[PDB]
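These notes are about the structure you will find just below.
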Amino acid sequence: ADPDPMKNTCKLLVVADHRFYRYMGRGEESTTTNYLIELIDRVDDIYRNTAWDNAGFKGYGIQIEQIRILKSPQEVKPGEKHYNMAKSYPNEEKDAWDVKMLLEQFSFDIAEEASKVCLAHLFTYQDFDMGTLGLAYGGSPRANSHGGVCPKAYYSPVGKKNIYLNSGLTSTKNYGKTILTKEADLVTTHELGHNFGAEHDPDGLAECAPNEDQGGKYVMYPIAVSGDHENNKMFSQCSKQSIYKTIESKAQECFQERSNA
Ligand SMILES: Cc1cc(COc2ccc([C@]3(C)CCN([C@H](C)C(=O)NO)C3=O)cc2)c2ccccc2n1
Ligand SMILES: [Zn+2]
């Protein structure tokens, strides 16, 4: 405990694809960057005020190091794909990519940039099937799965190179409409939660999945309940415990000193 102030911030590479630029940024850089800057700051407030050990072990947050703004779609040769290409993959007739394949593609395409930052996060605007809002590596119960804060290499047999699992993505479009900013905040918080090591809160542990009359669910709950209840913007005890196991070691590995605001 007692956090290193020279290593308490996970710097992010934030990427806005052409869809986000056009539909959230109104085709303007200022509008695009302002949205992301304010979102990450509000999310940072949640992380910073969180005591991972319920004591004084808090002060860990996130800050943007760079914001890449893709104003137009990535042109590709027949048979070639890129996370910022115009068409969705694998079904170009759908509004969005298969979310898992998009996250994989993003990681592949920005691997070089990702190797130099604590985390890389893609912000897009596409309607993933069945209400999916985001995805991220880390905090997954699945076998052989890994990822999260600090670049972790994975040799892609298909890609023929190393990609890094310190990535995640957020879409601000769901069911044909732009989601509320209060809902966007929760999605990114959730995904970065996986990056920090938390898994979904299980119903089987009432402490980590309270009823609506007890403050509601916490941010790592697998279902988007509302954002209206008091617990929604907080990390449960389960999340805190999981994130506390590796946060210090990870911090020493790739966290940096908070640049002031
Ligand atoms: C808008 C919002 C978001 C959260 C927590 O964040 C998510 C984000 C995505 C999902 C879903 C829809 C479920 C599963 N999912 C993917 C696969 C995922 O879990 N990524 O990490 C999603 O896109 C659920 C909660 C909330 C948590 C508790 C209460 C209200 C909430 N409102
Ligand atoms: Zn999740």
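Just so you know, all these numbers are worked out from the coordinates, no wet-lab data involved. With ideal geometry, Cβ positions are generated from the backbone for all residues, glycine too; neighbour counts draw on all protein chains shown.
Remarks
- Residue in the range 111-125 that is farther than 25 Å from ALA96 by Cβ, within 16 Å of ligand 2 (Cβ to nearest atom) and free of Cβ contacts under 8 Å to residues at least 24 places away in the same chain present: no
- Per the conditions (1) touching a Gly at 6+ places or on another chain (Cβ under 8 Å); (2) within 16 Å of ligand 2 (Cβ to nearest atom); (3) without any contact (Cβ under 8 Å) to a residue 24 or more places away in the chain, the sole criterion not satisfied by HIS229 is (2).
- Within the set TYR155, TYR164, the sole residue that is closer than 25 Å to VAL15 by Cα, away from ligand 1 (no atom under 14 Å from the Cβ), crowded, with 23+ Cβ neighbours inside 10 Å and among the hydroxyl-bearing types (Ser, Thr, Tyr) turns out to be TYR164.
- Residues that are small (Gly, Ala, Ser), touching a residue at least 40 places away in the same chain (Cβ under 8 Å) and surrounded by fewer than 23 Cβ atoms within 10 Å (Cβ to Cβ), drawn from the range 197-214: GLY197
- Here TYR89 fulfils each of the conditions (1) among the aromatic types (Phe, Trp, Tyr); (2) out of contact with any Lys or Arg (no Cβ under 8 Å at 6 or more places or on another chain); (3) outside any helix (DSSP H, G or I) apart from (2).
- Selection within the range 135-152 - among the polar types (S, T, N, Q) and either within 16 Å of ligand 1 (Cβ to nearest atom) or under 24 Å from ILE62 (Cα atoms) (or both): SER140, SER145
- Test: residue in the range 58-81 that is buried (at least 16 other Cβ atoms within 10 Å of the Cβ), basic (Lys, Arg), within 29 Å of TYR221 (Cβ to Cβ) and out of contact with any strand residue (DSSP E or B) (no Cβ under 9 Å at 6 or more places or on another chain): yes
- Scope the range 129-155; condition over 25 Å from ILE247 (Cβ atoms) and touching a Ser or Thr at 6+ places or on another chain (Cβ under 9 Å); matching residues: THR132
- Within the range 1-35, the residues that satisfy the criterion of being out of contact with any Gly (no Cβ under 8 Å at 6 or more places or on another chain), more than 22 Å from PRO73 (Cα to Cα) and surrounded by fewer than 17 Cβ atoms within 10 Å (Cβ to Cβ) are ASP4, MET6.
- Condition broken by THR189, with the remaining ones in (1) among the hydroxyl-bearing types (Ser, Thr, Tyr); (2) in contact with a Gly (Cβ under 8 Å, 6 or more places away or on another chain); (3) closer than 17 Å to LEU103 by Cα; (4) within 13 Å of ligand 2 (Cβ to nearest atom) satisfied: (2)
- Considering the range 215-224, the residues that are in contact (Cβ under 8 Å) with a residue 12 or more places away in the chain and over 15 Å from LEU192 (Cα atoms) include one that is farthest from ligand 2 (Cβ to nearest atom), namely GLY215.
- Boolean, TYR175 is aromatic (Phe, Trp, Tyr) and surrounded by fewer than 16 Cβ atoms within 10 Å (Cβ to Cβ): yes
- The set of residues in the range 87-112 that are more than 14 Å from ligand 1 (Cβ to nearest atom), closer than 15 Å to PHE123 by Cα and among the aliphatic types (A, V, I, L, M) contains only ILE110.
- Filter pass, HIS194 being within 12 Å of the chain's Cα centre (by Cα), more than 26 Å from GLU112 (Cβ to Cβ), within 15 Å of ligand 2 (Cβ to nearest atom) and in contact (Cβ under 8 Å) with a residue 40 or more places away in the chain: no
- Comparison of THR132, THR170 shows that the only residue that is within 26 Å of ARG68 (Cβ to Cβ), within 12 Å of the chain's Cα centre (by Cα), near ligand 1 (Cβ under 9 Å from one of its atoms) and of a type outside the set (A, V, I, L, M, F, W, C) is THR170.
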